[PDB]
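We begin with a single chain expressed as structure tokens, specifically the form deposited in one PDB entry.
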């Protein structure tokens, strides 16, 4: 976590875009990587909160450039870019603002049923088109192999928690990982481009038309398991629930729905472990203690 004032934001952008006069600045929203500023009412400028976030911002800028006209929904179009330094791979990025509000579970459920169903179809067509984008020209570094990630997570957890857990407790963590890794269904998928953070906060809605009008926040985008993009929608608390996602799956012509459900169940048990690792790697200490407490 690092912080910006309006004066730094304006100065940073002026250095590189001297001819863009700034009138108004205000915070649009915040994710885990960047703060997003609304400039001149019509632009969103993301500035990274730390080096990791900046690397994700850099990722987002390059992916958006590659897929800019391949999708059936608006996505952010980059119009302004910052520069690298010893600290940030990209100091900021500016794009055209997508008007609209997040499609919260609450909003979605209050829509007429025909609109709920168009939303499901629209989300599926967007995912289908996305997961079909040809990935040849993509940076091979973008590939996230789930088997590799799980193995590396198991060594990170050991190394992080070795002096925190009693032996029997670490042995059970070890068992959990071993069990995950002997199940081939988590690891057999055809890699493609995925949004990888495809949740309701990132789906923008036009409440005059009652239709989805944008997908945002491509900072986690990767070449990986397409099923990631359904499981992130399935949580009942903060997301859409099984019923709605099962309409999406059906429009998508998903062939193996029980496999999607099993990946969701495993991801849900996996969350404590993600909180420890994501906690340390994004320096969110609250998450770390929560997952550690849970593990006991």
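Numbering follows the first chain given and starts at 1.
Taking only CA atoms, the mean B-factor in the PDB entry is higher for 16-24 than for the other of 16-24 and 268-276.
If you average the C-alpha B-factors over 116-124 and over 175-183, the higher value belongs to 175-183. Between the residues 70, 251, 65, 255, the entry's highest C-alpha temperature factor is the one at 255. Among 107, 75, 135, 101, the highest C-alpha B-factor in the deposited entry belongs to 135. Split the chain's modelled residues into thirds by C-alpha temperature factor. Residue 61 is in the lowest one.
Among all modelled residues in this chain, the alpha-carbon of residue 131 has a temperature factor (C-alpha) in the lowest third. Per the deposited record, the Cα B-factor of residue 246 falls in the middle third when ranked against the other modelled residues of its chain. Ranked against the other modelled residues of its chain, the C-alpha B-factor of residue 206 as given in the entry falls in the lowest third. Compared with the other modelled residues of the chain, the Cα B-factor recorded for residue 51 ranks in the middle third.
Beyond the structure shown, there is the form solved in complex with a small molecule, which is absent from this document and is the topic of what follows.
Only one of 199, 154, 118, 128 lies close to the small molecule in the deposited complex, with a heavy atom inside 4.5 Å, and it is 199. Contact annotation: residue 33 falls within 4.5 Å of the small molecule in the deposited complex, judged by heavy atom distances.
The closest non-hydrogen atom of residue 220 lies within 4.5 Å of the small molecule in the deposited complex.
Contact between residue 238 and the small molecule in the deposited complex is found at the 4.5 Å heavy atom cutoff. Proximity of residue 17 to the small molecule in the deposited complex falls outside the 4.5 Å heavy atom cutoff. Contact check for 80, 88 and 92: none of the three has a heavy atom within 4.5 Å of the small molecule in the deposited complex.
Only one listed stretch (166-174, 199-207, 183-191, 139-147) carries heavy atoms within 4.5 Å of the small molecule in the deposited complex, and that stretch is 199-207.
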